[PDB]
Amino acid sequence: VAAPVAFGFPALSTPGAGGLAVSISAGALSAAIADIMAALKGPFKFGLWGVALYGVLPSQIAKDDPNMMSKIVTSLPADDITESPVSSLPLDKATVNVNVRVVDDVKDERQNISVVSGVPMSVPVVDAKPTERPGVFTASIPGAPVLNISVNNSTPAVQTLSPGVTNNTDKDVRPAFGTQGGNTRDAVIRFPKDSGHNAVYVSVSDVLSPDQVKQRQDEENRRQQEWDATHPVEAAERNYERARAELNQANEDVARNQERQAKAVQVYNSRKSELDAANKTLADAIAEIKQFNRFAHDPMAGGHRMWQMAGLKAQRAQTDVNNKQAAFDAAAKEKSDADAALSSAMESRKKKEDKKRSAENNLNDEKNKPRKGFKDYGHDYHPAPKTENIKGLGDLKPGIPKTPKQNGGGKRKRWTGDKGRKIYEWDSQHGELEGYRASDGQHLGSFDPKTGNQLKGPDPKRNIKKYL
């Protein structure tokens, strides 16, 4: 048959093995676990914050299979059986999200913060069997949901490859949103009109591989580093918070070490005197054998017994002092390693204690000073002309950007021309168009949109045979 439906489940991580992905949601009101959404929505500074729900990791078989973390609709800014014309609807939180925070695939995290969000709506279609329905989410597997009233789900701690042991704190998250994964959030709730119908939000994220994760954190870091440069105004602060706990750290150290030097000198004195004892018992046992050596070469004298006995007394008395010696020495070692490892924390501390200073007053050294706003950034480049407002060059059909700008990050505005022969591109630098022959790619000149009048002739040096 179709989608080999499986074991029902509520709002957990569900590793399905590629095949066709089938979902069988066990109907029930949201559990208090996934309730973190509550604390999440907690009114924070405008941004997109989240919470690690589950964790991903070294699974099993040499095949790729994602996690279909579905979960009823409690994320819609307002829902109803709206008109079919709309294929996208907002939502206050988006579940399934491959976020690669510290160093792994966050099988889900709480995207819901001060940042608008919309999503697709696939309307499910009927099928062969009774309560099964294909709900083909544009970008991934079809998946046929199977909602069921009978609240009998899967209690066992999430399938192997997904440990709920995530640092359930609340932090922010960049691109990484659905990269190589997430890319699924879409209310499929639109079930016919007489079926297992209900407002359901399914999101399919791909179970990243060890490499891909790296192939992910890196980029995350790439973009972090970049923004960092553009925003020194804050980054320094992101640099200060990094020094605060840095010292907060070196302290918990100097402490837990003072403690070590503690238990150190503690087991010393003890094990030390514990030894001194042995020496004394030994000495005596020794000086005793002397008190009787005289009877030594007197095999038949009885007093020879005394001697013999003192011999044995000291042997034992010696081996005791032996182990007592070991104990003491070892102690003396740890005792040392300690006393030294402590001064280290002492050293380390100062190094940190100071650096914070070189990261605290340096904060104002980029906080105190005047910066300007958006409105300004807007005036820095002559605004591109509206394709339909480009005059005197015939008609124009915009075309894929490909020409690398010089500063910033996006390409230059391109539009075809002459039935596909002449290419134009907005030069925001001086506020003027630029022509390039199709095949050649050579610069034909600079025209003016209002009119289409040249203002500069062809320059053979200038050309961009760098774009199909």
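When you see a residue number, it is the position in the sequence shown, counting from 1.
Higher mean CA B-factor, judged across 53-61 and 429-437 from the recorded values: 53-61. The stretch 234-242 shows the higher mean C-alpha B-factor when 316-324 is compared against 234-242 in the entry. Among 175, 385, 370, 90, the highest C-alpha B-factor recorded in the PDB entry belongs to 370. Each of 248, 258, 184, 281 has a CA temperature factor in the record; the biggest one is found at 248. Among the modelled residues of its chain, residue 39 has a C-alpha B-factor that falls in the lowest third according to the deposited record. Among the modelled residues of its chain, residue 97 has a C-alpha B-factor that falls in the middle third according to the deposited record. The PDB entry assigns residue 45 a C-alpha temperature factor belonging to the lowest third of its chain's modelled residues. In the PDB entry, residue 77 places in the highest third of its chain by CA B-factor. The entry lists a Cα temperature factor for residue 285 that places it in the lowest third of the chain's modelled residues.
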